[PDB]
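Below you'll find the structure, written out as structure tokens, and then a few comments.
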Amino acid sequence: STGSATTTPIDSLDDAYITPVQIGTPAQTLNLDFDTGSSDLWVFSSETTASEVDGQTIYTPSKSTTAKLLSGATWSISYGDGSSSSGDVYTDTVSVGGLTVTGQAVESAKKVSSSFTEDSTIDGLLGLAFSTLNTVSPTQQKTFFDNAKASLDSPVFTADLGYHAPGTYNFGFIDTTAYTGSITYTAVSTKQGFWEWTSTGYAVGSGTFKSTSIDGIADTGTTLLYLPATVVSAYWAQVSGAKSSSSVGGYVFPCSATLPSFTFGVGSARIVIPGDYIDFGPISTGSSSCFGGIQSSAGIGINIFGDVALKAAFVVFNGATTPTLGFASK
């Protein structure tokens, strides 16, 4: 089997991407944030505290003839941005882009933090990291991909995120029309539960490539590119007037600037992030100070190849017995 679904930016900055997901019988379609940095599929629901729901589409398990309470199971998750959610668990039929999993754990939110409430466009998350990170207790649950894997034509999924445009998540096949040149594959460590890999270096604009190992995660659920402070300083030093602002919470730059590209290495291959992808616009409406899309990972504890990086590439998440990651230009 295979599946193919379009993923759409939630706003004009590509702050996140939503992908429609069918849950239950008859189908209830929710727009979920596919997140290769976590491993829970959770949704706003009829059980979510009413004051914490503000415009989201909810899953109502009582209206699904295939929903079953997973008795005794609870979940609770905290994300890197400080947001969180928790609740109980149902199993139900879940379909993405024509690919169907029966008996998928659907984690129903009883509580969500303010950031989730305030984002009316995201109805929940669909985790695509390794199932070892799933938070369901006392019986850990499998991700949608893990459940689908054995039925897939090939045990892979691909992320093809657009810049200010829709893109695609495919399951079970590689669309050879969706990228240019060849795909370069690179090793993955699953030791922390992430799609963790080591970039071979970077360049800023037309500058020379610096060969240096940068361990980090491929994370579709993180907006920006978070890299070591040395690398980030080298980038922003090429933008007149750019500076790190503790009050804003990272690097800002004059909105009048033209940003240089940023290149990262994948083995001997190179992925070029155009400068425009690094512009996240005014820090507040009407400001001439703009927020940068490359930020320091110092104090995160891990480097994160978020959407800014991934949307510059066609990315293969290979879930074979020994997982790997592939990157192609597009």
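By the numbers in Swiss-Prot, the shown part of chain A spans 90-419.
If you're wondering, the header gives X-ray crystallography, 1.2 Å.
Each residue, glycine too, has its Cβ placed from N, Cα and C.
Copied over from Swiss-Prot:
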type     : residues      : note
ACT_SITE : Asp124        : active site
ACT_SITE : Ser288        : active site
DISULFID : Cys344-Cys379 : disulfide bond
DOMAIN   : 106-417       : domain 'Peptidase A1'
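Location within the structure of each feature annotated in Swiss-Prot.
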| residue | record | contacts (Cβ under 8 Å, 6+ apart) |
| --- | --- | --- |
| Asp124 | active site | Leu214, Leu215, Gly216, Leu217, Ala218, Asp308, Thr309, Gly310 |
| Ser288 | active site | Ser302, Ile303, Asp304, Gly305, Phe353, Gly354, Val355, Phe394 |
| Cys344 | disulfide bond | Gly370, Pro371, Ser376, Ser377, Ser378, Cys379 |
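Secondary structure from DSSP puts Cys344 (disulfide bond) in coil.
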